[PDB]
Amino acid sequence: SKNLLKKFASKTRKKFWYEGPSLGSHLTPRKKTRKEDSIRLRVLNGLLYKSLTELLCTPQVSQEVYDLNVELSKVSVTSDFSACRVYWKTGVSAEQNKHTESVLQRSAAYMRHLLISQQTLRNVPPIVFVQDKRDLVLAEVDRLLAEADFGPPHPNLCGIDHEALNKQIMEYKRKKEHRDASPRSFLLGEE
Amino acid sequence: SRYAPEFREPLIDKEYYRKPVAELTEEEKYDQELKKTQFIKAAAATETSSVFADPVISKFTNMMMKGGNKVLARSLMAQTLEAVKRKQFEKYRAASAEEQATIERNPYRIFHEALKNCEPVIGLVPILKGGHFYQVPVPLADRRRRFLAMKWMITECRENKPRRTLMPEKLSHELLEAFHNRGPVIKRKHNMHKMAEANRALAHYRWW
Amino acid sequence: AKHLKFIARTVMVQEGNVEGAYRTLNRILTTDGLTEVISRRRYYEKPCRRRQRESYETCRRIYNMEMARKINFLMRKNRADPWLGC
Amino acid sequence: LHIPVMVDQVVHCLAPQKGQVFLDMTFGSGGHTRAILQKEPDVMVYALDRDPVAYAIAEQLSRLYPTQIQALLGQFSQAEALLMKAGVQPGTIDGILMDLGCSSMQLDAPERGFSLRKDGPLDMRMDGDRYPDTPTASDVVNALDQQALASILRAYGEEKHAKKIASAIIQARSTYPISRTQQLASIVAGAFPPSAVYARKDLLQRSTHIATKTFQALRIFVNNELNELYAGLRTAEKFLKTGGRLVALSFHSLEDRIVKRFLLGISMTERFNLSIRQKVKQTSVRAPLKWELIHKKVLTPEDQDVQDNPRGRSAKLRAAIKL
Amino acid sequence: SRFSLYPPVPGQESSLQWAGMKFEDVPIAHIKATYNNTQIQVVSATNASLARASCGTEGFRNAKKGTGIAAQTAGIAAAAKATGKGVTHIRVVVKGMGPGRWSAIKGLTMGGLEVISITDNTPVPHXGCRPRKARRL
RNA sequence: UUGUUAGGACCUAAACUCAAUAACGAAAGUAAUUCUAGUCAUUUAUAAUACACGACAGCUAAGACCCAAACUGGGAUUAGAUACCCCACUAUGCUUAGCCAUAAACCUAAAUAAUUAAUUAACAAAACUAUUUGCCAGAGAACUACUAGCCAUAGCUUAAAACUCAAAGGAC
Ligand SMILES: Nc1ncnc2c1ncn2[C@@H]1O[C@H](CSCC[C@H](N)C(=O)O)[C@@H](O)[C@H]1O
Ligand SMILES: [K+]
Ligand SMILES: [Mg+2]
Ligand SMILES: [Mg+2]
Ligand SMILES: [Mg+2]
Ligand SMILES: [Mg+2]
Ligand SMILES: [Mg+2]
Ligand SMILES: [Mg+2]
Ligand SMILES: [Mg+2]
């Protein structure tokens, strides 16, 4: 009789859904921007964010990776869908991050297998693990700072050039001291 | 440029070409075979196989040249090196046997260790955020770190010297003072680093 | 207040990995919805506002879950071309 | 008569006491200076003004207190030299009172040209015969082009209608010289229809003339009060004792901004946004504050009192201690 | 034969000790992480105050008082006072969801204290007091 | 003041998760738990000048008071800021009696029984037949003037004309 979902069913149907049995060219393993592509890539980034967190903090990948307990900063797939860029949260310790980077990357192939096997995502492209460049720079600006040595222990204000205006005044003081488209032509015979 | 992108920079290392074939890494061995089917840029007028050619000093010469006067700029560098060699020989002869050991009389080695003492690890980039100019601590590359040391030297001598002193006499007196970590060019490095600590928390504004 | 302390929302640190334990506690609170609940209790959401948000989030979850099904369903046919050249 | 407005707040803020040296950079009629010398008869005070008439008033009033008040004549910029000629006797000044605006005597007297309501020559110059070559408002209106003249109205008078008002002056001066205050008022009131002559109601809920902004603009430009004020506050800080209390009264926003920005470490140089994407919030500073603001909180006089002195309605009292 | 995330059940007998004390005896580090100030207090298992700190007491002011690095300094300060009093193991009950929620726990670790567990006690009313009105921006 | 209390009091106020549910009721509205009372048969549609209801705000008297909060005061911002932001605190939101009778009270869908083909103005929510009542007749003037009724008195319901215009309005 009264359905709360009716209010927003038609609005969310153009924002979060497209019609027709068409899959994108990118989504294949091997142009003009479309709205369906934005939907087809937004949902994958959410599924992979949900599904790639069910591997890092779960025991399937490995015992060391399970112990790593890697939370993820964000997941973002390329528009071409050639590969993925799984950003991961990066602790302050640079050395540990370097080791964690290598560990995750080695299991990238197996992690993909785990998702593809479970059937959450049928055709997942190769995965990558990247460190946020912002985080790396902030760490580097701290490393170099520690290494670094600090050594041994009026008219223009208001906006009117009062001086120039005074000269202009003193200088002045020195001087002081729809019709042709009708059928008329056709109906007369002027051809 | 009149060179097409397919041209390769020339390799002017005399020993590299005459090395025995087995002494070359296969990566280097592969490049040599590839280069046989490529175009090579002509060598620069100042690019030679001379054993006395130092890239760092040649670069420092070009940063002093004004209006393409290479003869004058090279003469100024030649006079400087000599003024440094003559200044250390005087000290060496007028020093005890124990002190004589420490004294360094190589001008080429005083120049390189001088510049390296002036190089700064971190620099600053000027940024206008919300209509206010802020300079954020940046980590300097190997190229930016080297350029700043040479630029700071050529600017202390050009400007902050007496009117009748000459560049071979101010530059020689500064390479040696930087060589001992006492000069004003070193003081510029210390100020740059000290300011970075002041703006330590303002690096977040970086977007590049 | 009348319950027992240190049973609810408590995690134990393993081998002095205090960061790993904190990361686990956050996933527990986020999964149970406490994080979202505490976020929205800072200010007051009006009853009409609350209903509009819940109806939109429900419809967004339906269309998202349905779009996942359609991609997964249509991704089975995603394979090397068998009739290359025709 | 014009009672010194908000003098009680100044007197309490200054707390004039024996053995303290004070300065007044705007003696004028001397009402404020006399109030400081009444609370404490043993206080030491120095007076200054740009008007030779005002200086004579101080010299005449120096008989009342032979050494407690010291009279001086000159601008804010020339104040440092005048106090330097005296020597180090001002030295560590406990308080500098920088009241602003036109003197009660200056604007009450029609001959001085400050009053548009009365008919007098268009002098509008606080300086008297001390400098006879200082251009008057008559020279300013008759000499400057629309571009220059409009900027004076827009920048110093906050004139909303700057191009129309400026053009009327340029046309009127060509027809006849603009030499009288009422002549200029009619010229400004002629750029618009007759309805707008007396229409611009104020926050007071009292109507005002349409050329009040032109007289304020010319008053500040002829005497360059704003630029000279920038140097007066800077010289007061130099001559202000550490722990000394500064007290200023700002009757319009332009002077208030310089006093408001100065006492909070902000700079008048700061560029201006123009009602597009202003970052009041972001959805920092070179150095910290250099003052202990006894009364950062500002207020106008009481509305009942304002009726008695409408000229002082917008008086904002800004008090600070040197750091 | 595995580690249990679940705290030793109170009232029973367990095989886990820390410096010869049971779980019920380890001192507690109460961290209140708000959006402006992060306070920290350490108490004994009998509810006796041992250390106290906060971004404000360390000397931060205004918006600096509510940063991650400000809470880290406050945690290091609380650790040092507690370490002097004779504390090596702490149970971290972290109330609040502010910026220095984690940083305060990191400072305590940097200060030489060994956290054995982390509890969360952020107040969650079950229906309670009407929150203040939404801010318009 | 603050933090902790596996200390005491309070029973004011409001009912997380469940709820990704779509139930109950004429509508308004209603979801912490328990118990008591309780919804039900007129063939069906069709009612006002009658009767009984009717969110929130508001009024009347006596209480309550954790938190929220018109107004007001204080602080910022601004050319100004009677605002947006910060802080404090009222009317008020609560209970018990009575009044008030208004909502974008909107599924912007009167009810009921059929049909899905011999049917695209557009958009929304596919089209369409029959029955009964209500309502509409260019826009503004006009949720207005006057009239009558009303616990309503700066109120509600009922509701014009002069005069002005050649458009107003809906969808794409
Ligand atoms: N730049 C400047 N330098 C010096 N005096 C100035 C000045 N600008 C304005 N004045 C003077 O300062 C006074 C401000 S109005 C008068 C206030 C004075 N305290 C009194 O009791 O009368 C006037 O006398 C005015 O001529
Ligand atoms: K509706
Ligand atoms: Mg206010
Ligand atoms: Mg109340
Ligand atoms: Mg109605
Ligand atoms: Mg409703
Ligand atoms: Mg109405
Ligand atoms: Mg009516
Ligand atoms: Mg009526």
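Considering just Cα atoms, how many Å³ per residue does the convex hull of the stretch E:18-137 enclose? Please list the in-between numbers first.
Working: hull volume 14.2 nm³, N = 120.
Per-residue hull volume (Cα only) is 118 Å³.
Quick one: work out the % antiparallel among DSSP beta bridges in the protein assembly as shown, nearest 5.
Working: 37 of 67 bridges.
Once the DSSP bridges in the protein assembly as shown are tallied, antiparallel ones form about 55 percent.
Report, to the nearest 10°, how far helix C:18-31 tilts away from the longest principal axis of the Cα atoms in chain C, using its own Cα long axis and a range of 0 to 90°.
It works out to around 70 degrees.
In what order do A:31, D:39, C:70, A:2 fall by count of nearby beta-carbon atoms within 10 Å, going from fewest to most? Walk me through the numbers on the way to the answer.
Values: A:31 9, D:39 13, C:70 16, A:2 4.
Ranked by crowding around the Cβ, least crowded first: A:2, A:31, D:39, C:70.
What residue among E:126, E:89, E:30 shows peak mean-square fluctuation when chain E is described by a Gaussian network model with Cα springs under 10 Å?
E:126
So how far, in whole Å, is the C-alpha centre of the stretch D:92-141 from the one of the stretch A:12-53?
Centre-to-centre distance over Cα atoms comes out at 75 Å.
Sort C:18, D:222, A:128 so that the residue with the fewest other Cβ atoms within 10 Å of its own Cβ comes first and the one with the most comes last. Walk me through the numbers before you get to the answer.
Numbers: C:18 22, D:222 27, A:128 14.
Exposure proxy ranking, most exposed first: A:128, C:18, D:222.
Mind grabbing the base-10 log of I(q)/I(0) for the stretch D:1-149 at q = 0.18, 0.19 Å⁻¹? Debye formula, identical points on the C-alpha positions, no solvent, two decimal places.
Log-scaled intensity ratios, in q order: -1.05, -1.14.
So, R0 is 45 Å and r is the distance between the beta-carbons of residue C:34 and residue D:275; what FRET efficiency does that work out to, to 0.05? Before the final figure, lay out each step's value.
Values: r = 43 Å, r/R0 = 0.96.
E between residue C:34 and residue D:275, to the nearest 0.05, is 0.55.
Pairs B:189/D:241; D:279/E:32; A:2/A:50; B:41/B:70: which are spaced more than 29 Å apart, C-alpha to C-alpha?
B:189/D:241; D:279/E:32; A:2/A:50
Is there a quick way to get the dipole size of the stretch B:19-136? I mean about its Cα centre, with the Cβ of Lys and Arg at +1 and of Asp and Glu at -1; what is the value in debye to the nearest 20? Working shown, then result.
Working: 18 positive and 15 negative charges, 130 e Å.
Roughly 620 debye, rounded to the nearest 20.
Taking only DSSP H segments of four or more residues, each worth -39500 (n - 2.57), what value at 222 nm results for chain B once the sum is divided by all its residues, to the nearest 500 deg cm²/dmol?
Values: 9 runs with 113 residues, N = 208.
Theoretical 222 nm ellipticity from helices: -17000 deg cm²/dmol.
Mean residue ellipticity at 222 nm from the helices of chain D, using -39,500 (n - 2.57) per DSSP H segment of n ≥ 4 over the full residue count, to the nearest 500 deg cm²/dmol? Let's see the in-between values first.
Details: 13 runs with 127 residues, N = 323.
That calculation yields -11500 deg cm²/dmol at 222 nm.
Among B:31, B:54, B:142, determine the one that fluctuates most according to a GNM of chain B built with springs between C-alpha atoms less than 10 Å apart.
Ranking B:31, B:54, B:142 by mean-square fluctuation puts B:31 first.
I'd like the FRET efficiency for residue A:98 and residue D:203, computed as 1/(1 + (r/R0)^6) with the beta carbon distance as r and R0 of 45 Å, rounded to 0.05. Walk me through the numbers before you get to the answer.
Values: r = 65 Å, r/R0 = 1.45.
After rounding to 0.05, the efficiency reads 0.10.
On C-alpha positions alone, give me the angle between the axis of helix C:47-74 and the longest principal axis of chain C, in degrees, nearest 10.
40 degrees
Ratio of Rg to Rh for the stretch D:151-254, alpha carbon only, Kirkwood? Walk me through the intermediate numbers first.
On the way: Rg = 17.5 Å, Rh = 15.8 Å.
Rg divided by Rh gives 1.11.
For the protein assembly as shown, go through all pairs of different Cα atoms, get the mean of 1/r, take its inverse, and jot down that Kirkwood value in Å. If you can, show how the numbers build up before the last one.
Working: mean 1/r = 0.0266 Å⁻¹.
Mean inverse Cα-Cα distance, inverted, gives 37.6 Å.
Within a 10 angstrom radius of each residue's Cβ in C:56-62, how many Cβ atoms of other chains show up on average? Whole number is fine. Walk me through the numbers before you get to the answer.
Values: counts 8, 2, 5, 13, 6, 2, 6.
Neighbouring Cβ atoms belonging to other protein chains average 6 per residue here.
How large is the charge dipole for the stretch A:63-191, taken about the Cα centre, if only the Cβ atoms of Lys, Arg (+1) and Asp, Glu (-1) carry charge, to the nearest 20 debye?
On the way: 17 positive and 19 negative charges, 94 e Å.
In total the dipole reaches around 460 debye.
Taking the Cα centre of chain D as origin, work out the dipole magnitude from +1 charges on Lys and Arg Cβ and -1 charges on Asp and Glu Cβ, in debye rounded to 20.
Taking the Cα centre of chain D as origin, the dipole is about 1360 debye.
Restricting the calculation to Cα positions, tell me the Rg (one decimal) and the Dmax (whole number) of the stretch B:6-86 in Å.
Values for the stretch B:6-86 (Cα only, Rg and Dmax): 17.3, 50 Å.
Using just the C-alpha positions of the stretch A:20-148 as equal point scatterers, what log10 of I(q)/I(0) does the Debye formula give at each q in 0.09, 0.11, 0.18 1/Å?
With no solvent term, the Cα-only Debye profile gives -0.31, -0.45, -0.99.
Expressed as a whole number of Å, what is the distance separating the alpha-carbon centroids of the stretch C:1-48 and the stretch D:204-264?
Each part reduced to its Cα centre gives a spacing of 57 Å.
Could you tell me how many degrees, from 0 to 90 and to the nearest 10, lie between the Cα long axis of helix E:101-110 and the main elongation axis, the longest principal axis, of the Cα atoms of chain E?
50 degrees
Starting from the 7 Å offset along Cα-to-Cβ, what nm value, one decimal, do you get for the label separation of residue B:72 and residue E:47?
8.7 nm
Give the Cα extents of chain D along the principal axes, in whole Å, largest first.
Cα extents, longest axis first: 60, 58, 39 Å.
What residue among E:72, E:39, E:17 shows peak mean-square fluctuation when chain E is described by a Gaussian network model with Cα springs under 10 Å?
Evaluated over chain E, the most mobile residue of the options is E:17.
What translational diffusion coefficient, in µm²/s and rounded to a whole number, does the Stokes-Einstein relation yield for the stretch A:113-170 at 10 °C and a viscosity of 1.306 mPa s, taking the hydrodynamic radius as the Kirkwood radius over Cα pairs? Display every interim value, and only then the final one.
Working: Rh = 18.7 Å.
Translational D for this selection: 85 µm²/s.
Ignoring everything except DSSP H segments at least 4 long, calculate the 222 nm mean residue ellipticity for chain C; use -39,500 (n - 2.57) per segment, divide by total residues, nearest 500. Before the final figure, lay out each step's value.
Working: 3 runs with 49 residues, N = 86.
That comes out to -19000 deg cm²/dmol.
Answer with one residue from B:130, D:113, A:86: the one whose Cα lies farthest towards the positive end of the charge dipole of the protein assembly as shown, charges on Cβ with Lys, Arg +1 and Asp, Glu -1.
Checking the options against the dipole of the protein assembly as shown, the answer is A:86.
Just so you know, all these numbers are worked out from the coordinates, no wet-lab data involved. Every residue, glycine among them, receives a Cβ derived from its backbone with ideal geometry; neighbour counts consider all protein chains shown.
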